[PDB]
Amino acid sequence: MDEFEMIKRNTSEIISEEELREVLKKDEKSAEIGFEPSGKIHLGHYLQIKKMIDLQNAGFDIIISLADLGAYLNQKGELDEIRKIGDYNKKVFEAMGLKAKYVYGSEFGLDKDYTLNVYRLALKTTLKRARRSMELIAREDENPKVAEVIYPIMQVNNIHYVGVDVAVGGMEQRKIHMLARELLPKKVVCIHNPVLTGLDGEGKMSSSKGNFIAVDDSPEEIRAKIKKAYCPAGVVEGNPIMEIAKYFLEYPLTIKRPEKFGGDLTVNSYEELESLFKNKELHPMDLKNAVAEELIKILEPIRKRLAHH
């Protein structure tokens, strides 16, 4: 497939598709994504970096915005600590084979001209819109603090300074990105990835114990957490194991099953695995064992790349 279709694969939406086509024609184009520094880099992060890799192969210069300043506003703790996790996250993204520029929010986000642009935008932005765009990003908060309505304007301003033609992120970012398309002279093309269900089956994949697979997890940690994850028989919707199979595994794939009891099923594609699981021919136990093993192989290079340092 071409560039457009490769980019579109496994995304929830593109705002907008035509605008992306116009961008693709350009000799030089850029794509950025912002990550608040996270102690654990899990498959949720990986899925987005994989999309940044696709853009990179389509001729896009990639910029990773390490939103330390944004995390600080999102009550992630102190700058110094947050900055340290941002250093760690940078090495993890680098181990993922992605080559890109890494810019800290606090690098330019404390400059006179930047801060001034923040206040200007704050003049244009209503409190209503600001809080609205933070619904899928904040915890609602008993009594919301001023910092919460500053956050979306800081992100929007970051997108402006990075100067990227494309803005990549999760679907929780879509309200801030729509704000960005309204507040900035250059309408940024928005590519949003799907939200990855946590292993618990209760919402998105987060840093809560056993709810995630860290790209640097050890084989035993991967197996254990895959084993005790939400995965009802025949159930595909909300099945974090099926999602992992869909977005991370390579096909054709051979699932190991005890002879006579199965045995050993060769799946040509995710769509085959899907119907096989929905028809209950593939039992959760076998699906888990296969995903655990494939994941170990897939994440191995990343994990060994970090260990070698």
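Residue positions are given as counts along the sequence shown, with the first one as 1.
Participant: So which stretch wins on mean C-alpha B-factor, 20 to 28 or 282 to 290?
Facilitator: Higher mean C-alpha B-factor: 20 to 28.
Participant: Select between 104 to 112 and 139 to 147 the stretch whose C-alpha atoms have the higher average B-factor in the entry.
Facilitator: Stretch with the greater average CA B-factor: 139 to 147.
Participant: Per the entry, which of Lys51, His42, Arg257, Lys246 tops the list for Cα B factor?
Facilitator: Out of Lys51, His42, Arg257, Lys246, the record gives the largest C-alpha B-factor to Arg257.
Participant: Among the candidates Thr197, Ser218, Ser208, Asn157, give the one with the maximum CA B-factor reported in the record.
Facilitator: Among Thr197, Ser218, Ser208, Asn157, the highest C-alpha B-factor in the entry belongs to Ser208.
Participant: So where's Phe261 on the chain's Cα temperature factor ranking, which third?
Facilitator: Within its chain, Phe261 is a highest-third residue by C-alpha B-factor, going by the deposited values.
Participant: Relative to the other modelled residues in the chain, which third contains the C-alpha temperature factor of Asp61: lowest, middle or highest?
Facilitator: It falls in the middle third of the chain.
Participant: Going by the recorded CA B-factors, say which third of the chain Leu73 sits in, lowest, middle or highest.
Facilitator: Tercile = middle for this residue's CA B-factor.
Participant: Tell me, lowest, middle or highest third: where does the Cα B factor of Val162 rank within its chain?
Facilitator: It falls in the middle third of the chain.
Participant: Against its chain's modelled residues, does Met171's Cα B factor rank lowest, middle or highest third?
Facilitator: Answer is middle: the recorded C-alpha B-factor places it there.
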